[PDB]
Amino acid sequence: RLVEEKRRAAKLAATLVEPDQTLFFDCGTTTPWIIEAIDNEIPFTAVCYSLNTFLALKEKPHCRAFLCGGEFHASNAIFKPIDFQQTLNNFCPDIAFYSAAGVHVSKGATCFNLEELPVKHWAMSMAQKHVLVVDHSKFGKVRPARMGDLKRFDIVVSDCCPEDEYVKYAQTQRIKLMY
Amino acid sequence: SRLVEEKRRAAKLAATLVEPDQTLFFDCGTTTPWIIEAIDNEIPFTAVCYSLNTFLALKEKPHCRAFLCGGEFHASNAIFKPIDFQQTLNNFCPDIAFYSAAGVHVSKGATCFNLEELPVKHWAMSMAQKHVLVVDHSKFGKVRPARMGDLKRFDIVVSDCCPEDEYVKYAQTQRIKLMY
Amino acid sequence: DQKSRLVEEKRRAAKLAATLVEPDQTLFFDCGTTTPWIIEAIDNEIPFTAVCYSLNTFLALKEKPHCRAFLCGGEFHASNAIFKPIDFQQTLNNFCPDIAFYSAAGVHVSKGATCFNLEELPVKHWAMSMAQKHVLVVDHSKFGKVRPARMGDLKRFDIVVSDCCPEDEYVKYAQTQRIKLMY
Amino acid sequence: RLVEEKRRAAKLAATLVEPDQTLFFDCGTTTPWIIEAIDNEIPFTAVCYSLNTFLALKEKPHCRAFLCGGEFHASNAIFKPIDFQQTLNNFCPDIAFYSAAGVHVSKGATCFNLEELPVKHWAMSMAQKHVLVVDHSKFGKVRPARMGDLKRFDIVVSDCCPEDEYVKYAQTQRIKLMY
Amino acid sequence: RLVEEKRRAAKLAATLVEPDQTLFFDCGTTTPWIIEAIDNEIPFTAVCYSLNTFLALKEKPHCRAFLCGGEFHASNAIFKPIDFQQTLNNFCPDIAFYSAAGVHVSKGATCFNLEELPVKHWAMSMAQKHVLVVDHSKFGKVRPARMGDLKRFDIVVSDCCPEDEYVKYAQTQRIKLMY
Amino acid sequence: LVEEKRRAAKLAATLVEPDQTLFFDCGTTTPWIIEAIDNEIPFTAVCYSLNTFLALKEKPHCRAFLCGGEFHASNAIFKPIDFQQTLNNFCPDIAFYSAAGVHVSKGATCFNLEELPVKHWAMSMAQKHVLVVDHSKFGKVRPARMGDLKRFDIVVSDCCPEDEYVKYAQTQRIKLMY
Ligand SMILES: [Cl-]
Ligand SMILES: [Cl-]
Ligand SMILES: [Cl-]
Ligand SMILES: [Cl-]
């Protein structure tokens with residue numbers, strides 16, 4: 001589970017949040033720790049597509065919360081839109097916080113489920129700043145559903161310094177590493 | 001909190017209308033979750049809703065394919081209000097829509113407390129194939145500020161006991177089936 | 001002059017009518033120069049929702065910091081600066097107001113409540129059919145007058161608010177029809 | 001502010017108005033200049049959803065003015081219909097004049113408030129010709145409420161030629177630029 | 001199952017095909033009769049998303065057959081794209097031929113399966129002319145998956161003149177009825 | 001060489017684990033791999049040819065994906081026009097490849113160049129690369145070059161190839177299964 005590592009990376013990712021921003025939060029067990037770490041006095045607007053992520057936003061007294069609806073999928077408790085992403089097409093989030101099961105220089109960022117790709121792809125195209133929040137265990141892993149190339153992300157946040165391969169790759173692509 | 005026993009009986013009767021593989025719409029409130037709980041746990045069905053407690057009840061049904069209408073979250077009745085285009089809901093023509101109402105009045109119609117619930121209630125009233133209002137005996141004669149529509153918009157009104165003769169006569173004249 | 005005395009009579013009736021507003025109620029305000037004084041007299045700390053169909057009524061609601069204001073749109077008409085709804089399903093059919101506050105140019109025991117403009121009857125009749133409590137707010141000069149547009153029988157109003165008690169025939173009619181007179 | 005630039009762009013947009021047309025005017029401080037530029041002898045029907053826009057139409061002696069009613073929102077003094085589906089039924093404007101706080105090739109046209117999206121989306125679905133009227137400062141900006149892709153607009157009107165990025169996108173997508 | 005009626009409506013729909021057009025064919029047992037009715041000498045490009053439709057196109061010597069890929073669903077043997085936003089982004093068919101289980105004046109065109117809506121919605125958004133081909137039994141029926149309002153279709157083709165309420169709706173909405 | 005192809009295909013099928021995401025190349029060898037997978041093993045598969053898809057369609061526990069595009073009669077394949085629609089969404093656990101030639105110098109080759117865009121996609125995105133060829137493919141040189149043999153982690157055949165291939169496989173750390 002690496003809960004302690006996820007919580008530390010998420011706390012560092014939360015330092016990027018500014019008052020009145022519109023934020024996108026991906027699914028999984030890492031992003032809810034970002035929501036918890038945001039000071040409860042900071043007002044913000046948030047969009048999400050998973051039950052545990054929404055329930056975390058619901059506990060923030062100054063969060064204007066939006067949920068992308070659709071068919072419920074038990075894995076990661078997500079909602080998958082039938083086709084058009086009406087709710088999401090109304091936003092250009094200041095920051096999108098992403099989750100991934102794998103981070104690979106050649107293969108890119110991957111996840112376990114294809115059902116999560118439509119919303120992750122929407123965020124990658126419509127958000128203004130892309131922040132991948134992943135514990136150290138995700139580096140070097142490759143899962144079967146592909147989100148995209150690592151160059152799609154502006155910042156990668158983790159619990160400790162990634163291997164030298166990712167440090168050098170991040171320098172070349174101007175990807176900021178926070179750990 | 002109050003009239004749970006009555007809400008349970010109305011829900012029990014409403015659940016008998018469900019048939020296998022139907023697409024069902026469930027309104028917000030504390031009555032409709034009891035309908036979902038009363039449905040045969042072995043019957044497969046597809047359900048559409050727009051509120052958190054309604055969705056959580058559908059999630060507990062092993063053979064329910066559940067859809068949630070998204071949008072802005074409103075604390076009252078824990079609903080989701082679409083910004084404008086009802087994308088998820090525009091994909092459905094439910095076999096049965098189960099509605100909630102704070103008031104049932106012969107001339108003013110069915111009413112609720114919150115205007116934010118009217119867009120999805122009006123959608124169901126235009127797109128569902130059968131309209132079933134599920135209300136306890138206390139809703140009859142009450143009028144709240146947000147108007148859902150005329151009682152002739154419903155095919156069936158389900159309650160825990162027979163309403164006053166005023167509603168029996170009205171339902172008989174309008175061809176509205178009363179179930180209690 | 002006669003203009004200033006008319007405003008203070010309307011303001012006195014409107015100030016008394018404002019005492020009926022309770023927190024979180026949904027209110028309807030009619031058109032004219034009496035209803036804006038009701039809106040102004042409501043405690044600025046009381047939250048409420050209000051629907052109207054005229055520009056001056058809307059502008060008065062806009063000044064209330066805790067008023068959730070709704071304006072019935074449509075085509076604009078110069079007299080009383082009203083909006084004629086094309087479709088009542090747009091805004092008005094969504095409401096069953098807790099209280100409807102009405103204006104009238106005439107109040108008569110047999111001819112009923114009347115106004116000058118037939119164009120205002122569609123919205124006035126809508127409110128009379130859908131609101132939960134009906135409050136007619138009129139200065140004393142309106143009693144006994146009969147204008148061409150008929151709103152309805154005086155018995156359709158739960159409360160009639162004026163700047164002074166009307167003549168005995170109105171007091172007796174109110175007792176027979178269970179109309180509360182406020183003055 | 002840029003009042004002179006807004007007036008010059010709006011004056012150019014007004015040249016598209018023909019007698020007896022039905023026009024939609026968006027909210028903001030640019031569209032009132034289009035209304036001012038229309039010849040006073042030209043009769044037309046107009047629909048709007050904001051107080052300042054309506055007051056400008058009321059001042060036009062040969063304008064049959066319609067106001068889209070609903071809940072009042074102080075920002076831009078707009079009215080938001082209770083039910084988007086019942087917005088201005090049976091109105092099919094010949095031209096819709098739109099406002100935007102941001103014009104971006106990838107993110108599209110954006111505005112500051114989500115409460116303005118329902119009537120803007122109504123016009124985008126019902127109007128026969130879509131004209132975006134924006135001063136040069138809107139180009140490159142991305143605001144939190146998204147109206148739609150720039151290809152949703154038939155014409156983009158401005159006070160001067162925008163950067164080559166926009167001239168190129170308009171040329172490839174066949175979007176007319178007027179300046 | 002009115003196969004002769006489906007074949008008659010399909011033959012009439014086939015008269016709209018012109019050489020070198022790009023055509024979309026919906027799933028079901030009505031559209032394959034349109035494909036059979038097209039002269040085997042007429043060259044054309046076909047887009048489909050179902051196995052039986054594809055196998056019918058594969059036999060047309062001058063047809064360039066394109067298959068919309070994705071996840072296979074046994075009902076109607078269709079393919080559902082992983083991400084609707086990336087579906088056939090380069091095609092703008094001259095004509096889209098649609099299927100429907102229900103044709104209703106108020107509720108619109110409906111089908112039985114939600115998995116068919118993404119490609120049906122893609123065609124409705126990208127094709128230049130929309131032609132619904134339905135036998136007389138579809139009129140008045142309502143199924144649970146909604147494709148859209150009847151006004152989304154330019155032409156409705158059937159095996160006989162439908163009931164007066166459909167003739168009136170079509171006249172008012174400018175929908176051409178072919179039978 | 002149906003018996004030889006089934007022999008090699010059956011050996012290749014022993015590599016499949018439940019719940020894996022697999023890529024199956026075109027040709028008449030890969031459908032025999034699909035046939036050999038136990039019908040009770042659940043798996044997800046992506047392909048780009050008609051016969052390969054029809055083979056997946058017969059597996060009751062296979063979640064089947066077909067990469068679309070323009071149909072091409074030879075090897076009955078689909079030529080993708082947009083890699084973003086289906087293929088770029090996958091990083092398969094195992095890619096099972098076909099080839100008409102296996103040569104130390106010329107590498108793995110096929111007859112049709114229309115197959116290279118999808119084969120090259122698989123070679124770059126799959127996690128494990130398994131070339132399944134009967135003994136007759138060794139030493140042949142066809143006109144469409146897939147890539148050097150070192151790009152494949154495993155080469156599955158129906159019998160031991162000539163010593164030149166055994167030694168080359170050892171120097172490249174390629175596993176030979178036969
Ligand atoms: Cl009057
Ligand atoms: Cl709102
Ligand atoms: Cl595809
Ligand atoms: Cl190399």
# chains A, B, ... in the order shown; residues from 1 in each chain; ligands from 1
$ select_by_dssp --residues "segment 25-166 of chain A" --states "strand (DSSP E)" --output "MDAnalysis selection string"
chainID A and resid 25 44:48 63:67 70:73 78:80 95:98 102:104 108:111 130:133 145:148 155:157
$ residues_near_ligand --ligand "ligand 4" --cutoff "10 Å" --atoms "only C-alpha atoms and all ligand atoms" --output "PDB file with N, CA, C and O atoms, in the first residue's frame"
ATOM      1  N   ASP F 148      15.769  -6.538 -36.124  1.00  0.00           N
ATOM      2  CA  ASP F 148      16.829  -7.508 -35.742  1.00  0.00           C
ATOM      3  C   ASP F 148      16.222  -8.550 -34.793  1.00  0.00           C
ATOM      4  O   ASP F 148      15.292  -8.198 -34.042  1.00  0.00           O
ATOM      5  N   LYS F 150      17.293  -9.590 -32.140  1.00  0.00           N
ATOM      6  CA  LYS F 150      17.544  -9.188 -30.730  1.00  0.00           C
ATOM      7  C   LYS F 150      16.336  -8.431 -30.166  1.00  0.00           C
ATOM      8  O   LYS F 150      16.261  -8.290 -28.935  1.00  0.00           O
ATOM      9  N   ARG F 151      15.423  -7.977 -31.028  1.00  0.00           N
ATOM     10  CA  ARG F 151      14.229  -7.223 -30.557  1.00  0.00           C
ATOM     11  C   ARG F 151      13.238  -8.186 -29.890  1.00  0.00           C
ATOM     12  O   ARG F 151      12.334  -7.707 -29.179  1.00  0.00           O
TER      13      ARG F 151
END
$ residues_around --residues "residue 160 of chain B" --least-positions-apart "3" --cutoff "10 Å" --atoms "only C-alpha atoms" --output "VMD selection string"
chain B and resid 3 5 to 13 134 to 138 163 179 to 180
$ write_last_selection --atoms "N, CA, C and O atoms" --output "PDB file, in the first residue's frame"
ATOM      1  N   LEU B   3     -41.780   8.785   9.966  1.00  0.00           N
ATOM      2  CA  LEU B   3     -42.616   7.996   9.012  1.00  0.00           C
ATOM      3  C   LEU B   3     -41.771   6.965   8.243  1.00  0.00           C
ATOM      4  O   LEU B   3     -42.167   6.611   7.110  1.00  0.00           O
ATOM      5  N   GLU B   5     -41.513   3.759   8.802  1.00  0.00           N
ATOM      6  CA  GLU B   5     -42.430   2.596   8.624  1.00  0.00           C
ATOM      7  C   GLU B   5     -43.339   2.811   7.406  1.00  0.00           C
ATOM      8  O   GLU B   5     -43.530   1.849   6.620  1.00  0.00           O
ATOM      9  N   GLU B   6     -43.912   4.013   7.290  1.00  0.00           N
ATOM     10  CA  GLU B   6     -44.815   4.364   6.164  1.00  0.00           C
ATOM     11  C   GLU B   6     -44.006   4.398   4.861  1.00  0.00           C
ATOM     12  O   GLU B   6     -44.481   3.834   3.857  1.00  0.00           O
ATOM     13  N   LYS B   7     -42.832   5.035   4.884  1.00  0.00           N
ATOM     14  CA  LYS B   7     -41.954   5.112   3.683  1.00  0.00           C
ATOM     15  C   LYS B   7     -41.572   3.689   3.251  1.00  0.00           C
ATOM     16  O   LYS B   7     -41.518   3.440   2.025  1.00  0.00           O
ATOM     17  N   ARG B   8     -41.331   2.802   4.228  1.00  0.00           N
ATOM     18  CA  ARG B   8     -40.978   1.382   3.955  1.00  0.00           C
ATOM     19  C   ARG B   8     -42.127   0.682   3.222  1.00  0.00           C
ATOM     20  O   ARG B   8     -41.838  -0.106   2.299  1.00  0.00           O
ATOM     21  N   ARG B   9     -43.367   0.894   3.674  1.00  0.00           N
ATOM     22  CA  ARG B   9     -44.515   0.232   3.002  1.00  0.00           C
ATOM     23  C   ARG B   9     -44.672   0.801   1.587  1.00  0.00           C
ATOM     24  O   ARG B   9     -44.839  -0.010   0.645  1.00  0.00           O
ATOM     25  N   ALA B  10     -44.626   2.128   1.436  1.00  0.00           N
ATOM     26  CA  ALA B  10     -44.757   2.720   0.083  1.00  0.00           C
ATOM     27  C   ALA B  10     -43.656   2.145  -0.825  1.00  0.00           C
ATOM     28  O   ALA B  10     -43.974   1.761  -1.961  1.00  0.00           O
ATOM     29  N   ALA B  11     -42.423   2.042  -0.314  1.00  0.00           N
ATOM     30  CA  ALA B  11     -41.276   1.495  -1.083  1.00  0.00           C
ATOM     31  C   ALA B  11     -41.538   0.030  -1.462  1.00  0.00           C
ATOM     32  O   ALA B  11     -41.260  -0.347  -2.622  1.00  0.00           O
ATOM     33  N   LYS B  12     -42.036  -0.759  -0.506  1.00  0.00           N
ATOM     34  CA  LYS B  12     -42.361  -2.193  -0.735  1.00  0.00           C
ATOM     35  C   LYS B  12     -43.322  -2.305  -1.926  1.00  0.00           C
ATOM     36  O   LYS B  12     -43.038  -3.094  -2.847  1.00  0.00           O
ATOM     37  N   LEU B  13     -44.411  -1.530  -1.905  1.00  0.00           N
ATOM     38  CA  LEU B  13     -45.412  -1.577  -3.005  1.00  0.00           C
ATOM     39  C   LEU B  13     -44.773  -1.096  -4.317  1.00  0.00           C
ATOM     40  O   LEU B  13     -44.979  -1.768  -5.343  1.00  0.00           O
ATOM     41  N   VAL B 134     -43.837   8.268  -5.410  1.00  0.00           N
ATOM     42  CA  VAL B 134     -43.864   7.455  -4.160  1.00  0.00           C
ATOM     43  C   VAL B 134     -43.808   8.419  -2.975  1.00  0.00           C
ATOM     44  O   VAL B 134     -42.728   9.024  -2.732  1.00  0.00           O
ATOM     45  N   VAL B 135     -44.949   8.578  -2.294  1.00  0.00           N
ATOM     46  CA  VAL B 135     -45.085   9.569  -1.185  1.00  0.00           C
ATOM     47  C   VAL B 135     -45.831   8.962   0.007  1.00  0.00           C
ATOM     48  O   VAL B 135     -46.799   8.218  -0.205  1.00  0.00           O
ATOM     49  N   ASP B 136     -45.416   9.323   1.221  1.00  0.00           N
ATOM     50  CA  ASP B 136     -46.122   8.860   2.446  1.00  0.00           C
ATOM     51  C   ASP B 136     -47.393   9.714   2.601  1.00  0.00           C
ATOM     52  O   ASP B 136     -47.489  10.776   1.946  1.00  0.00           O
ATOM     53  N   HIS B 137     -48.327   9.280   3.450  1.00  0.00           N
ATOM     54  CA  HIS B 137     -49.637   9.969   3.612  1.00  0.00           C
ATOM     55  C   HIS B 137     -49.505  11.446   4.021  1.00  0.00           C
ATOM     56  O   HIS B 137     -50.461  12.196   3.761  1.00  0.00           O
ATOM     57  N   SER B 138     -48.382  11.853   4.619  1.00  0.00           N
ATOM     58  CA  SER B 138     -48.237  13.253   5.117  1.00  0.00           C
ATOM     59  C   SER B 138     -48.048  14.265   3.976  1.00  0.00           C
ATOM     60  O   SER B 138     -48.278  15.461   4.229  1.00  0.00           O
ATOM     61  N   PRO B 163     -55.326   7.638   0.654  1.00  0.00           N
ATOM     62  CA  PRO B 163     -55.405   9.062   0.960  1.00  0.00           C
ATOM     63  C   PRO B 163     -56.868   9.477   1.165  1.00  0.00           C
ATOM     64  O   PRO B 163     -57.753   8.641   0.969  1.00  0.00           O
ATOM     65  N   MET B 179     -51.932   3.334  -5.376  1.00  0.00           N
ATOM     66  CA  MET B 179     -51.447   2.099  -4.797  1.00  0.00           C
ATOM     67  C   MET B 179     -51.132   2.365  -3.331  1.00  0.00           C
ATOM     68  O   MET B 179     -50.385   3.291  -3.029  1.00  0.00           O
ATOM     69  N   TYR B 180     -51.716   1.562  -2.434  1.00  0.00           N
ATOM     70  CA  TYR B 180     -51.508   1.730  -1.004  1.00  0.00           C
ATOM     71  C   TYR B 180     -51.755   0.408  -0.266  1.00  0.00           C
ATOM     72  O   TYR B 180     -52.030  -0.644  -0.853  1.00  0.00           O
TER      73      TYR B 180
END
$ interface_residues --of "chain C" --to "chain B" --cutoff "10 Å" --atoms "only C-alpha atoms" --output "tab-separated table (two decimals) with C-alpha atoms, in the first residue's frame"
chain	number	residue	atom	x	y	z
C	25	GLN	CA	-39.59	32.15	2.24
C	26	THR	CA	-40.15	32.24	-1.55
C	27	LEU	CA	-42.05	35.45	-2.43
C	49	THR	CA	-36.06	34.11	-2.54
C	92	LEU	CA	-42.99	31.19	-13.41
C	93	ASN	CA	-44.28	27.55	-13.66
C	94	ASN	CA	-41.33	26.44	-11.44
C	95	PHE	CA	-42.76	28.33	-8.39
C	96	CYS	CA	-45.55	28.01	-5.75
C	97	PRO	CA	-44.58	31.09	-3.68
C	98	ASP	CA	-45.11	31.12	0.13
C	99	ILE	CA	-46.58	34.64	-0.24
C	129	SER	CA	-53.57	30.26	-8.92
C	130	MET	CA	-50.16	29.11	-7.65
C	131	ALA	CA	-49.11	31.12	-4.56
C	132	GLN	CA	-49.90	29.69	-1.05
$ atom_distance --atom1 "atom CA of residue 2 of chain F" --atom2 "atom CA of residue 70 of chain F"
28.8 Å
$ select_by_dssp --residues "segment 61-117 of chain B" --states "helix (DSSP H, G or I)" --output "ChimeraX atom specification"
/B:76-78,89-91,115-117
$ write_last_selection --atoms "N, CA and C atoms" --output "tab-separated table (two decimals), in the first residue's frame"
chain	number	residue	atom	x	y	z
B	76	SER	N	-28.12	19.93	0.02
B	76	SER	CA	-29.53	19.54	0.28
B	76	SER	C	-29.92	18.36	-0.62
B	77	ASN	N	-30.26	17.22	0.00
B	77	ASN	CA	-30.62	15.96	-0.71
B	77	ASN	C	-29.37	15.41	-1.42
B	78	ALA	N	-28.20	15.98	-1.13
B	78	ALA	CA	-26.91	15.50	-1.69
B	78	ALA	C	-27.05	15.24	-3.19
B	89	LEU	N	-28.03	11.81	-18.76
B	89	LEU	CA	-29.49	11.53	-18.83
B	89	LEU	C	-30.03	11.56	-20.26
B	90	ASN	N	-29.46	12.35	-21.17
B	90	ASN	CA	-29.98	12.40	-22.58
B	90	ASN	C	-29.79	11.05	-23.28
B	91	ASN	N	-29.07	10.11	-22.66
B	91	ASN	CA	-28.83	8.77	-23.27
B	91	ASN	C	-29.92	7.78	-22.84
B	115	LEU	N	-35.29	24.31	-5.95
B	115	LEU	CA	-35.34	24.55	-7.41
B	115	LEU	C	-34.25	23.75	-8.12
B	116	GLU	N	-33.12	23.47	-7.45
B	116	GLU	CA	-31.97	22.79	-8.11
B	116	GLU	C	-32.34	21.37	-8.57
B	117	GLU	N	-33.41	20.79	-8.04
B	117	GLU	CA	-33.83	19.40	-8.39
B	117	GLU	C	-34.78	19.41	-9.59
$ calpha_fit_rmsd --fixed "chain E" --moving "chain A"
0.8 Å
$ residues_near_ligand --ligand "ligand 1" --cutoff "10 Å" --atoms "only C-alpha atoms and all ligand atoms" --output "list in words"
residues 31, 32, 33, 79, 80, 103, 104, 105, 106, 113, 114, 115, 116, 117, 118, 120, 142, 147, 148 and 149 of chain C
$ write_last_selection --atoms "N, CA, C and O atoms" --output "compact mmCIF listing (two decimals), in the first residue's frame"
# COMPACT_ATOMS: atom_id res chain seq x y z
N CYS C 31 -46.18 44.15 -9.96
CA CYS C 31 -45.57 45.37 -10.54
C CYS C 31 -46.14 46.62 -9.86
O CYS C 31 -46.94 46.48 -8.92
N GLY C 32 -45.71 47.81 -10.28
CA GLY C 32 -46.27 49.05 -9.70
C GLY C 32 -45.31 49.78 -8.77
O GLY C 32 -44.16 49.34 -8.65
N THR C 33 -45.79 50.83 -8.12
CA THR C 33 -44.94 51.69 -7.25
C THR C 33 -45.21 51.44 -5.76
O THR C 33 -44.69 52.23 -4.93
N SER C 79 -45.38 50.38 -20.07
CA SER C 79 -46.29 50.68 -18.92
C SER C 79 -46.01 49.74 -17.74
O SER C 79 -46.26 48.53 -17.88
N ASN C 80 -45.55 50.30 -16.61
CA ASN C 80 -45.17 49.53 -15.39
C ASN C 80 -43.90 48.71 -15.67
O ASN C 80 -43.56 47.86 -14.83
N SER C 103 -50.54 44.21 -6.31
CA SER C 103 -50.94 45.62 -6.51
C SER C 103 -52.31 45.63 -7.19
O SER C 103 -52.66 44.63 -7.85
N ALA C 104 -53.06 46.71 -7.00
CA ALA C 104 -54.36 46.88 -7.69
C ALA C 104 -54.65 48.38 -7.80
O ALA C 104 -54.16 49.13 -6.94
N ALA C 105 -55.33 48.79 -8.87
CA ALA C 105 -55.76 50.19 -9.06
C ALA C 105 -57.16 50.38 -8.45
O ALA C 105 -57.56 51.55 -8.23
N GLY C 106 -57.85 49.28 -8.13
CA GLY C 106 -59.21 49.37 -7.58
C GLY C 106 -59.52 48.16 -6.71
O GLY C 106 -59.07 47.05 -7.05
N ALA C 113 -60.81 43.08 -7.22
CA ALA C 113 -59.54 43.79 -7.41
C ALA C 113 -59.34 43.98 -8.91
O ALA C 113 -59.47 42.98 -9.67
N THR C 114 -59.06 45.22 -9.31
CA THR C 114 -58.89 45.55 -10.74
C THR C 114 -57.61 46.35 -10.95
O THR C 114 -57.10 46.95 -9.97
N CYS C 115 -57.10 46.30 -12.18
CA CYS C 115 -55.90 47.09 -12.55
C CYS C 115 -56.16 47.80 -13.88
O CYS C 115 -57.19 47.53 -14.54
N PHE C 116 -55.28 48.72 -14.26
CA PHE C 116 -55.47 49.48 -15.52
C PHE C 116 -55.15 48.65 -16.76
O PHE C 116 -55.89 48.77 -17.76
N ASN C 117 -54.10 47.82 -16.68
CA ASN C 117 -53.58 47.17 -17.91
C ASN C 117 -53.92 45.68 -18.01
O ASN C 117 -53.45 44.91 -17.16
N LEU C 118 -54.66 45.31 -19.06
CA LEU C 118 -55.01 43.89 -19.36
C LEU C 118 -53.73 43.06 -19.50
O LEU C 118 -53.78 41.85 -19.17
N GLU C 120 -51.22 42.83 -17.73
CA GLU C 120 -50.67 42.34 -16.44
C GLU C 120 -51.50 41.16 -15.91
O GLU C 120 -51.04 40.49 -14.98
N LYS C 142 -57.71 53.52 -3.25
CA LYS C 142 -58.11 52.47 -4.22
C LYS C 142 -59.47 51.86 -3.90
O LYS C 142 -60.10 51.34 -4.83
N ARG C 147 -61.40 49.50 -12.15
CA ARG C 147 -60.62 49.69 -13.39
C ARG C 147 -60.99 48.56 -14.35
O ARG C 147 -61.63 47.58 -13.95
N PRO C 148 -60.61 48.66 -15.64
CA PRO C 148 -61.06 47.71 -16.66
C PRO C 148 -60.52 46.27 -16.64
O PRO C 148 -61.19 45.42 -17.19
N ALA C 149 -59.32 46.04 -16.08
CA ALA C 149 -58.71 44.69 -16.05
C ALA C 149 -59.04 44.01 -14.72
O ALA C 149 -58.56 44.48 -13.69
$ decode --residues "segment 139-163 of chain B" --atoms "C-alpha atoms" --output "compact mmCIF listing (two decimals), in the first residue's frame"
# COMPACT_ATOMS: atom_id res chain seq x y z
CA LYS B 139 -47.37 14.78 1.67
CA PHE B 140 -51.08 15.04 0.61
CA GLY B 141 -52.43 18.63 0.75
CA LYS B 142 -48.96 20.17 1.29
CA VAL B 143 -47.51 22.80 -1.10
CA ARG B 144 -43.75 23.62 -1.19
CA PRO B 145 -42.12 26.42 -3.28
CA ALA B 146 -40.49 24.45 -6.17
CA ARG B 147 -43.10 23.03 -8.60
CA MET B 148 -42.45 19.70 -10.33
CA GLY B 149 -45.72 19.59 -12.28
CA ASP B 150 -49.45 18.70 -12.42
CA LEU B 151 -50.51 15.38 -10.77
CA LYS B 152 -51.80 14.19 -14.22
CA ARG B 153 -48.05 13.85 -15.15
CA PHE B 154 -47.90 10.66 -12.98
CA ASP B 155 -49.33 7.26 -14.04
CA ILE B 156 -49.26 5.84 -10.47
CA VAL B 157 -49.22 7.42 -6.98
CA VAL B 158 -47.92 5.02 -4.26
CA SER B 159 -48.54 5.70 -0.54
CA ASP B 160 -48.59 3.72 2.78
CA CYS B 161 -52.41 4.02 3.19
CA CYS B 162 -55.47 5.23 1.22
CA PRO B 163 -55.40 9.06 0.96
